[PDB]
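Here's the structure, in structure tokens; my notes come after.
Heavy atoms only: backbone and side chains are in, while hydrogens, waters and symmetry mates are out. Every chain is numbered from 1, with letters handed out A, B, ... down the list of sequences.
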Amino acid sequence: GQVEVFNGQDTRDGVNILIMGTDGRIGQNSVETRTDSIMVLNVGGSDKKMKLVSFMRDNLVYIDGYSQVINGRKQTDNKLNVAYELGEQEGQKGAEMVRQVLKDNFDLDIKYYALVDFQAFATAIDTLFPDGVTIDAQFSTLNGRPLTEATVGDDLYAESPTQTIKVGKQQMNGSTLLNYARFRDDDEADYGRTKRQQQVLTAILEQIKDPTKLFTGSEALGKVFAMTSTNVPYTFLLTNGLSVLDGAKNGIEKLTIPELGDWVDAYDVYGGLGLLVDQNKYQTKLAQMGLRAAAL
Amino acid sequence: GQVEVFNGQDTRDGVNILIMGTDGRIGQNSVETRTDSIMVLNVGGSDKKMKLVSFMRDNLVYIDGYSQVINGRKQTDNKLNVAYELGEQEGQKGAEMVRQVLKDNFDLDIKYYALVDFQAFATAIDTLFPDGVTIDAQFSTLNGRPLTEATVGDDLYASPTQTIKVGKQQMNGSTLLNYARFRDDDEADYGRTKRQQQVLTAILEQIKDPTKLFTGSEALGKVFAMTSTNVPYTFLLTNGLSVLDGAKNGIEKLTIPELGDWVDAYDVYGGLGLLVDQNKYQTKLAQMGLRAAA
Amino acid sequence: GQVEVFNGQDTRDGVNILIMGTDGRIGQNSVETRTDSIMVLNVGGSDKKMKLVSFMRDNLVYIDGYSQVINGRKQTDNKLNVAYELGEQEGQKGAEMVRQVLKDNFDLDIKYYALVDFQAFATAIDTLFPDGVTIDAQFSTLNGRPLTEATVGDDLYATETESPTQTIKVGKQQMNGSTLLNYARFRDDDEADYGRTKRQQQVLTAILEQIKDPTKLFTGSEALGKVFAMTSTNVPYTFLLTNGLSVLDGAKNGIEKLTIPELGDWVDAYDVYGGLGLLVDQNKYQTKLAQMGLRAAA
């Protein structure tokens with residue numbers, strides 16, 4: 001929610017930005033919110049390519065202060081999506097808590113954050129995109145069978161409607177696009193959701209028209225800002241903005257951590273089921289992608 | 001517990017025998033009993049060498065009927081030492097339950113079992129070895145510091161304790177059991193497995209005059225009385241001296257998993273166990289000749 | 001191991017610091033003796049050079065209480081790396097026992113100690129050096145043949161039934177903690193342990209030289225803290241604040257190095273356990289140590 005502490009750190013190549021979707025509505029935030037999306041976007045690296053990494057919410061992670069230590073062994077015994085909630089409960093430390101965790105588990109240094117709730121997102125998209133966003137809607141299988149449409153809970157309308165998205169290229173308004181990003185009810189589960197979220201983010205950046213005019217000054221862009229929580233400096237947007245919007249047209253190198261299937265099921269300390277992952281291996285991949293650029 | 005169901009299967013090379021120590025006293029409710037050791041001993045293999053594998057008790061394992069299945073993924077969500085208890089509770093299926101588990105998780109085929117409680121073991125050893133068993137007592141570190149002696153709970157008189165100094169000595173049954181039970185060093189249960197292996201090896205090596213099997217010894221009989229086993233007596237008569245001689249050639253040993261070679265994880269009861277790479281250990285078992293699948 | 005007794009003594013020129021690498025590997029299945037390196041570093045001496053002396057681990061030494069006495073002749077009948085283990089067995093007296101021995105055999109007075117285990121070292125280096133340490137890897141011959149690479153046991157990933165290895169090519173490269181440790185531990189060439197001492201000295205020197213911003217170091221760094229946590233040392237923090245940059249600069253000026261004994265300068269002989277050690281002319285080396293300014297004594 002709106003105010004967030006952040007002790008951003010610099011990375012050796014580019015700038016890492018933590019990006020999170022929360023489930024609240026414009027004006028509630030904090031202890032009534034959950035994380036639906038956790039991404040790190042690297043911009044301005046030497047290779048001139050943007051990188052986007054989704055962390056699956058069920059990632060089991062060591063949360064300092066809250067996780068056990070058996071012998072000397074730190075336990076990855078909490079789900080990652082918990083870290084935000086623990087921080088909102090501590091007091092405006094949700095983004096910060098995610099940052100500390102990603103640092104401790106994946107050795108990522110992250111400089112800035114941006115947070116959106118669902119309602120903001122939907123409104124924001126209607127504001128920016130009067131003809132909606134072009135998306136090529138795609139789903140995985142269900143028990144091996146290909147899907148050609150998906151039923152999603154239409155959560156922005158409370159007393160419990162749903163919505164059906166057919167596969168293929170179409171225009172999506174904010175509500176649709178949010179719903180599309182939230183869908184997880186196929187063989188790929190949260191992993192496939194990460195790919196849709198990545199797809200949506202990419203699409204937004206690619207389809208912004210008149211990119212300069214935003215910065216010069218736009219009431220639309222302002223309305224959006226009002227509905228967002230971010231510590232990204234405005235001069236950073238002025239100096240790096242068009243490069244990001246253009247770099248998005250060239251396409252973004254994407255990764256989900258962990259990759260599909262590349263995990264073992266295990267219980268968190270609360271008796272929930274999470275993903276135990278080989279963090280070292282993913283630290284090496286992050287280095288290879290230029291998000292921490294270490295060791296070799 | 002005394003009576004045990006067993007649907008033994010043959011292996012390609014030698015014969016695999018499940019060997020378990022239990023914590024009961026000579027004649028007890030086995031439903032009230034715990035496994036203190038889980039081993040598989042391979043005898044009569046082509047290379048003329050015995051193989052001995054300890055499974056750490058905290059191994060997380062899939063127990064059919066009791067373990068979860070998530071999106072068609074079988075979960076190794078129970079500790080191995082639980083499998084015995086589940087079997088004793090079902091009714092005389094403790095050894096059998098361990099067998100089905102070892103088969104399902106490690107693809108081992110096991111033909112026979114032998115089970116001993118602590119009290120039996122100690123008495124057995126006093127009976128067989130009047131001057132005790134020679135053991136070179138050795139412990140790991142404790143917080144990095146060398147141990148030159150270990151304090152062991154003397155549970156057969158429980159609760160007093162006993163101190164075993166490091167080095168070659170004679171051990172009576174109670175000592176030897178205590179030595180095999182000790183786990184209070186940096187190696188914890190893993191180091192215990194190695195002492196258990198050491199003790200078993202020592203016993204086989206130090207049996208004098210194995211012709212008492214033949215002549216019929218009341219000592220050997222006393223031992224049998226205190227043991228639960230489905231090993232056929234003619235199998236002992238035909239393969240006994242080979243096993244005792246195979247001990248002179250030395251025993252290839254393994255603990256599964258190996259020290260450190262695991263990740264901590266919760267069982268379904270909220271206990272903490274060892275999540276292991278079972279495939280890799282299936283390969284090692286094959287390489288040792290317990291599974292002989294290439 | 002962490003807590004250690006030490007009855008440090010002062011020297012007439014500079015300050016002598018005992019530095020030891022220990023093998024932590026819980027393995028037990030992964031240890032013969034747990035001292036992998038024994039060094040004395042002299043800082044703040046008059047000649048304005050740092051001195052580093054390696055003692056080869058197989059040095060045969062008189063260990064009071066444990067060594068024989070024949071016709072009133074004290075016997076150098078134990079290896080030096082034993083003295084640590086005898087101290088750890090006595091109760092957190094490992095560093096102290098090495099101190100007493102170095103005093104009794106080489107008449108060195110040593111004020112402080114620092115001890116690191118292998119795992120700590122590797123982690124410590126990863127923590128401090130995210131791009132690794134630059135090392136110019138160099139090996140001796142093997143049976144007369146030049147090596148252009150070495151196969152080194154990767155002992156941090158060793159079990160009782162496995163033994164993975166790594167190949168280090170000769171020449172300038174970046175080494176992470178595991179590599180660097182492996183490089184320091186390699187002894188499988190014509191120079192054996194002697195050549196290992198030189199690689200250990202090389203690594204230590206490299207570390208000191210390649211620390212950036214010492215200014216920020218002793219004055220608030222969570223990295224340095226993590227390192228401290230993994231180290232056992234009785235060096236006072238104000239001593240680091242007053243003499244730290246001098247040591248890091250003294251390293252840039254280059255370090256006078258000695259291995260005791262020097263290559264070939266020994267006779268092979270059995271310890272009381274039937275192991276093979278180095279019988280050395282301790283007197284001669286006492287004079288050399290005096291000449292280097294580590295004992296500057298009569």
Side-chain angles (χ1 to χ4, degrees), chain B residues 1-6 8 15-28 30 32-33 35-44 50 52 84 88 92 94-96 98-99 110-135 155-157 170-181 196-211 213-248 251:
Chain B
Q2 264 291 357
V3 174
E4 292 291 333
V5 152
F6 214 74
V15 185
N16 289 326
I17 304 179
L18 170 62
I19 299 176
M20 294 192 298
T22 61
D23 64 356
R25 167 79 60 98
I26 181 48
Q28 192 185 307
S30 65
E32 201 208 356
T33 275
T35 15
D36 197 66
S37 71
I38 301 192
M39 285 166 166
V40 175
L41 176 75
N42 183 278
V43 297
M50 264 159 51
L52 184 56
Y84 174 78
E88 290 311 305
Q92 341 191 109
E96 176 61 5
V98 174
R99 189 202 68 68
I110 295 177
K111 179 68 171 204
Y112 305 121
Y113 79 88
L115 188 113
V116 277
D117 75 60
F118 295 166
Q119 186 51 94
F121 177 73
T123 321
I125 291 289
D126 286 343
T127 308
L128 290 186
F129 301 93
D131 296 347
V133 180
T134 305
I135 295 289
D155 286 49
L156 289 186
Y157 311 103
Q170 301 298 108
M171 300 192 178
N172 62 295
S174 206
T175 298
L176 192 65
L177 172 60
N178 284 339
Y179 176 71
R181 292 213 59 233
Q196 281 166 349
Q197 289 178 0
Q198 176 186 14
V199 167
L200 173 59
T201 298
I203 292 166
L204 300 177
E205 276 173 349
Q206 285 175 51
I207 274 153
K208 320 279 180 163
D209 206 305
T211 82
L213 186 61
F214 309 132
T215 65
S217 135
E218 40 248 72
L220 178 70
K222 201 176 191 297
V223 163
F224 269 102
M226 309 172 111
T227 315
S228 165
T229 187
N230 73 343
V231 167
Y233 190 80
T234 65
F235 181 86
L236 292 179
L237 292 177
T238 62
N239 289 85
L241 303 181
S242 289
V243 159
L244 294 185
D245 288 343
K248 102 70 132 52
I251 306 167

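The two residues B/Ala95 and B/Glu88 come nearest to each other via the heavy atoms N-OE2, 4.4 Å. Pairing each heavy atom of B/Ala202 with each of B/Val133, the nearest pair is CB-CG1, 4.0 Å. Across B/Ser37 and B/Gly21, no two heavy atoms sit closer than the pair OG-N, 2.9 Å. Across every non-hydrogen atom of B/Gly1 and B/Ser30, the tightest pair is CA-CB, 3.3 Å. Summarising the geometry of B/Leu156 relative to B/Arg25, their closest heavy-atom pair is O-NH2, 3.8 Å, with the distance given to 0.1 Å. Nearest heavy atom pair, residue B/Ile110 against residue B/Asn16, reads CG2-O, 3.5 Å.
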>> side-chain contact (heavy atoms from CB on, under 4.5 Å) for B/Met50 and B/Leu204? Distances and angles first, verdict last.
In response: CA-CA 11 Å; B/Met50 264 159 51; B/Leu204 300 177; 3.2 Å; yes

> Between B/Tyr113 and B/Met20, does a side-chain contact (heavy atoms from CB on, under 4.5 Å) hold up when you go through it step by step?
Replying inline: CA-CA 8 Å; B/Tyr113 79 88; B/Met20 294 192 298; 5.8 Å; no

>> Using side-chain contact (heavy atoms from CB on, under 4.5 Å), reason through B/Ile135 and B/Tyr179 one step at a time and then give a plain yes or no.
In response: CA-CA 10 Å; B/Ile135 295 289; B/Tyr179 176 71; 3.7 Å; yes

> side-chain contact (heavy atoms from CB on, under 4.5 Å) between B/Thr229 and B/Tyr112: does it pass, once the steps are laid out?
Replying inline: CA-CA 7 Å; B/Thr229 187; B/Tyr112 305 121; 5.7 Å; no

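Taken from CG in B/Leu115 to CE in B/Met226, the straight-line distance is 13.5 Å, to the nearest 0.5 Å. Distance check, rounded to the nearest 0.5 Å: CD of B/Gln206 to NZ of B/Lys208 gives 7.0 Å. Remark: B/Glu4 CD to B/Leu18 CG distance equals 9.5 Å, nearest 0.5 Å. B/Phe235 CZ to B/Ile17 CD1: the interatomic distance, rounded to the nearest 0.5 Å, is 5.0 Å. Note that CD of B/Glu32 is 8.0 Å distant from CG of B/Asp23, once rounded to the nearest 0.5 Å. The CG atom of B/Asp36 sits 11.5 Å away from atom OH of B/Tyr84, with the distance rounded to the nearest 0.5 Å.
In this structure, the side chains of B/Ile19 and B/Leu52 stay at 4.5 Å or more apart for every pair of heavy atoms. The closest side-chain heavy-atom distance from B/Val43 to B/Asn239 is not below 4.5 Å. Side-chain contact between B/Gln28 and B/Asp117 is absent, with no heavy-atom pair separated by less than 4.5 Å. When side chains are defined from C-beta on, B/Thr123 does not count as touching B/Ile26, because their heavy atoms never get closer than 4.5 Å.
Screening B/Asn172, B/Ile207, B/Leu176 for a side-chain contact (heavy atoms from CB on, under 4.5 Å) involving B/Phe129 leaves a single residue, B/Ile207.
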